[PDB]
Amino acid sequence: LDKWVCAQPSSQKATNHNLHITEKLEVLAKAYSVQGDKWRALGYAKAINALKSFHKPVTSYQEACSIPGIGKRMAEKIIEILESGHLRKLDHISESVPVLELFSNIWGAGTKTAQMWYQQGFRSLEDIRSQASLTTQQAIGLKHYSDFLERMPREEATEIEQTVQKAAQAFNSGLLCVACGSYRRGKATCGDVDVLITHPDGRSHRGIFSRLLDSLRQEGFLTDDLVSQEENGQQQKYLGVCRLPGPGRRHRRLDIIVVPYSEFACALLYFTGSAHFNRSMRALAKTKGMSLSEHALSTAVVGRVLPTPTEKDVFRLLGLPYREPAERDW
DNA sequence: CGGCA
DNA sequence: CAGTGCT
DNA sequence: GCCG
DNA sequence: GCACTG
Ligand SMILES: [Cl-]
Ligand SMILES: [Cl-]
Ligand SMILES: [Cl-]
Ligand SMILES: [Mg+2]
Ligand SMILES: [Mg+2]
Ligand code: NA
Ligand code: NA
Ligand code: NA
């Protein structure tokens with residue numbers, strides 16, 4: 001259980017005794033990430049969380065290696081930072097990295113697109129604006145480049161959730177709407193608003209996206225759509241852009257998912273996160289012959305759907321102590 | 001060796 | 001399909 | 001990158 | 001681990 005972050009309270013990270021190491025490893029992790037070396041970046045991310053939650057400063061190679069998520073290679077970097085006070089590799093990061101980061105912060109452009117733009121000789125967002133072929137999504141991402149990098153005060157997230165909730169409950173008063181993600185984890189600021197909608201009767205959630213989105217469009221609240229498959233009525237998620245009325249308002253990212261009540265606990269767990277919390281819990285489930293998604297906790301395929309009326313039941317079935325949302329902030 | 005949700 | 005983004 |  | 005695009 002010591003190996004599994006989902007088995008531990010994330011508040012362990014608030015007392016980071018190894019910041020002089022993790023702040024340097026994070027620069028490298030991001031460099032690998034924007035260049036597309038996702039599995040190396042993942043190992044760094046896990047090592048960083050292991051160091052942030054360790055109970056004391058790491059002071060020896062043998063100690064480092066004993067920490068789950070720290071291997072020989074990561075231990076060698078820790079020992080270099082201890083003795084020398086710096087990590088040499090930080091002076092030998094590819095020169096493309098700042099531009100690759102700039103480009104991949106465009107919503108809809110990932111590492112593959114950023115690398116292509118870089119190969120084509122683009123170096124600034126002015127180059128992208130004037131010379132790149134953008135997808136519909138990437139054009140919206142570029143238009144809102146600064147705003148999508150800003151976090152909003154949680155009070156604004158509340159107002160956005162209430163806007164969605166009021167529009168939804170106007171045509172079915174029994175709909176349940178809950179803000180998840182970083183909001184539900186109690187953070188003071190939110191990168192976007194994640195709204196989960198369901199109905200306790202098990203059926204009235206169906207078909208509401210069309211009416212809800214059109215209602216939110218009628219009042220001008222939705223300003224741009226990033227992902228919204230509205231043609232066949234099977235839509236599960238909406239990803240888009242909103243802006244509250246009045247002066248001093250920024251465009252904000254809004255994600256909505258509509259789910260059947262029978263999947264409420266698993267959808268709430270998924271959408272509350274954190275992302276690394278979810279990945280940890282899902283990896284653990286695999287070791288127990290199970291698979292965890294936003295739909296269900298199931299047994300391995302030939303599977304059976306296990307009964308999970310509440311988040312606590314998912315924890316229980318995986319042998320984990322329950323964590324309130326604020327303690328899932330990995 | 002291969003997954004890493 | 002490859003690429004992307006959600007947590 | 002680290003893990004089993 | 002899944003739901004999207006083109
Ligand atoms: Cl590099
Ligand atoms: Cl009603
Ligand atoms: Cl619950
Ligand atoms: Mg969010
Ligand atoms: Mg979101
Ligand atoms: Na280790
Ligand atoms: Na991006
Ligand atoms: Na974010």
Side-chain angles (χ1 to χ4, degrees), chain A residues 4-6 25-26 28-33 35-37 39-51 64-71 74-75 77-78 89 104-116 133-138 140-141 148 179-185 190-196 225-230 232 235-240 253-259 263 266-287 290-298 301 325 328-330:
Chain A
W4 297 98
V5 305
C6 63
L25 297 180
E26 280 174 356
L28 261 181
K30 182 62 174 169
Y32 286 129
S33 184
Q35 292 182 90
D37 193 352
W39 300 131
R40 181 166 267 111
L42 179 61
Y44 271 82
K46 292 191 183 185
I48 288 163
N49 270 339
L51 289 173
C65 279
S66 68
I67 296 175
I70 308 292
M74 203 66 69
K77 302 189 171 72
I78 293 165
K89 177 55 178 178
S104 63
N105 282 338
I106 296 174
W107 203 103
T111 182
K112 296 295 185 176
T113 299
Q115 290 271 27
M116 189 198 67
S133 61
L134 303 170
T135 70
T136 300
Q137 292 175 345
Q138 292 159 358
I140 294 161
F148 290 177
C180 302
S182 56
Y183 183 91
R184 184 156 183 260
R185 299 203 306 282
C190 306
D192 74 350
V193 189
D194 300 303
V195 180
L196 186 168
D225 302 333
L226 294 165
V227 177
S228 189
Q229 192 284 112
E230 299 173 43
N232 70 1
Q235 182 176 11
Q236 302 183 60
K237 65 186 181 176
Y238 168 87
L239 292 80
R253 281 272 295 104
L254 174 61
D255 294 339
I256 303 167
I257 67 174
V258 175
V259 305
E263 305 181 356
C266 285
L268 190 57
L269 194 62
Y270 155 74
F271 219 22
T272 299
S274 72
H276 276 300
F277 172 85
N278 288 352
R279 298 171 79 161
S280 179
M281 180 176 282
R282 293 172 171 202
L284 174 63
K286 181 187 179 184
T287 73
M290 298 173 186
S291 185
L292 174 65
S293 72
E294 76 273 30
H295 298 296
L297 178 64
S298 309
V301 295
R328 312 175 196 168
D329 193 48
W330 284 101

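Each chain gets a letter, A, B and so on, in the order the sequences are listed, and its residues count up from 1.
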In whole Å, what is the span from the NE2 atom of A/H295 to the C1' atom of E/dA3? 8 Å
When all nucleic acid strands are considered with a 4.0 Å heavy-atom cut-off, which category describes A/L239: base, sugar-phosphate, or nothing? sugar-phosphate
Side-chain atoms of A/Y32 come closest, of D/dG1, E/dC2, C/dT7, to D/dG1
A/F271 stacking on C/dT7: centroids under 5.5 Å, ring planes under 30°? no
Taking A/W330's backbone N and O only, do any of them form a donor-acceptor pair with A/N49's side chain (distance below 3.5 Å, no angle check)? yes
Base, sugar-phosphate, or nothing: which does A/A45 touch, judged by heavy atoms less than 4.0 Å apart? nothing
Give A/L292 one of three labels, base, sugar-phosphate or nothing, depending on what nucleic acid heavy atoms sit under 4.0 Å from its own. sugar-phosphate
Starting from P on D/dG1, measure out to CG on A/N49 and report it in whole angstrom. 18 Å
So, the side chain of A/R253 versus the backbone of A/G191: is there a donor-acceptor pair under 3.5 Å, distance only? no
Within the structure shown, what part of the strands sits under 4.0 Å from A/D255 by heavy-atom distance: base, sugar-phosphate, or nothing? sugar-phosphate
Kindly compute the distance separating CD1 (A/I48) from CD (A/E26), expressed to the nearest 0.5 Å. 4.5 Å
Separation of E/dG6 atom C1' from A/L134 atom CG, nearest Å, is 15 Å
Per the atom types in the model, does the base of D/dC2 pair as donor or acceptor with the side chain of A/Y44 at under 3.5 Å? no
Nearest-angstrom distance from the residue atom CH2 of A/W107 to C1' of E/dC4: 9 Å
Name the nucleic acid region contacted by A/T272, choosing base, sugar-phosphate or nothing; use a 4.0 angstrom heavy-atom cut-off, strictly under. sugar-phosphate
A/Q235 and A/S228: CA distance, side-chain angles, deciding distance, side chain to side chain donor-acceptor pair (under 3.5 Å) verdict: CA-CA 7 Å; A/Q235 182 176 11; A/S228 189; 3.0 Å; yes
Could you walk me through whether A/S274 and A/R328 pass the side chain to side chain donor-acceptor pair (under 3.5 Å) check? CA-CA 6 Å; A/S274 72; A/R328 312 175 196 168; over 6 Å; no
Reading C1'-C2'-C3'-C4' for E/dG1 with positive as north and negative as south, the pucker comes back south
In whole Å, what is the span from the CH2 atom of A/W39 to the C1' atom of B/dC1? 16 Å
Can you see if the side chain of A/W330 gets near the phosphate of B/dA5 - specifically, an N or O under 4.0 Å from OP1 or OP2? no
Of the candidates B/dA5, E/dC4, C/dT4, the side chain of A/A283 sits closest to B/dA5
To the side chain of A/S293, which of E/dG1, E/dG6, E/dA3 is closest? E/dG1
Ignoring hydrogens and geometry, is there a side-chain-to-backbone donor-acceptor pair from A/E263 to A/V259 under 3.5 Å? no
Consider the side chain of A/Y270, meaning its heavy atoms from C-beta on, and name the nucleotide among D/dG1, C/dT7, E/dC4 that approaches it most closely. C/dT7
May I ask you to evaluate whether A/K286 reaches the phosphate of B/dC4, defined as a side-chain N or O under 4.0 Å from OP1 or OP2? yes
Mind checking the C1' distance from B/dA5 to C/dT4? Whole angstroms is fine. 16 Å
Please report the distance, rounded to the nearest Å, between CZ in A/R279 and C1' in B/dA5. 7 Å
Would you say a side-chain N or O of A/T113 is under 4.0 Å from OP1 or OP2 of C/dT4? yes
Does the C1'-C2'-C3'-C4' torsion put C/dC1 in the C3'-endo-side north group or the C2'-endo-side south group? north
Choose from E/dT5, C/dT4, E/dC4 the nucleotide whose nearest atom is closest to any side-chain atom of A/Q137. E/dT5
Please tell me if A/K77 has a side-chain N or O lying less than 4.0 Å from either OP1 or OP2 of D/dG1. yes
Find the distance A/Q235:CD to E/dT5:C1' and express it as a whole number of Å. 14 Å
To the nearest angstrom, how far is A/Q229 atom CD from E/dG6 atom P? 11 Å
Would you classify A/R184 as touching base, sugar-phosphate or nothing, given that sugar-phosphate means primed atoms plus P, OP1 and OP2, and contacts are heavy atoms under 4.0 Å? nothing
From the options E/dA3, D/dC2, C/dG3, select the nucleotide whose nearest atom is closest to the side chain of A/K112. C/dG3
Which value, in whole Å, describes the distance between the P atoms of nucleotides B/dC4 and E/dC2? 12 Å
Mind checking A/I256 for me? I need base, sugar-phosphate or nothing, with any heavy atom below 4.0 Å counting as a touch. nothing
Quick check: does any side chain N or O of A/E294 sit under 3.5 Å from a backbone N or O of A/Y270, one acting as donor and the other as acceptor? no
Answer yes or no: does a side-chain N or O of A/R282 lie under 4.0 Å from OP1 or OP2 of B/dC4? no
Quick one: which of E/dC4, C/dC6, C/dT4 gets closest to the side chain of A/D192? C/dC6
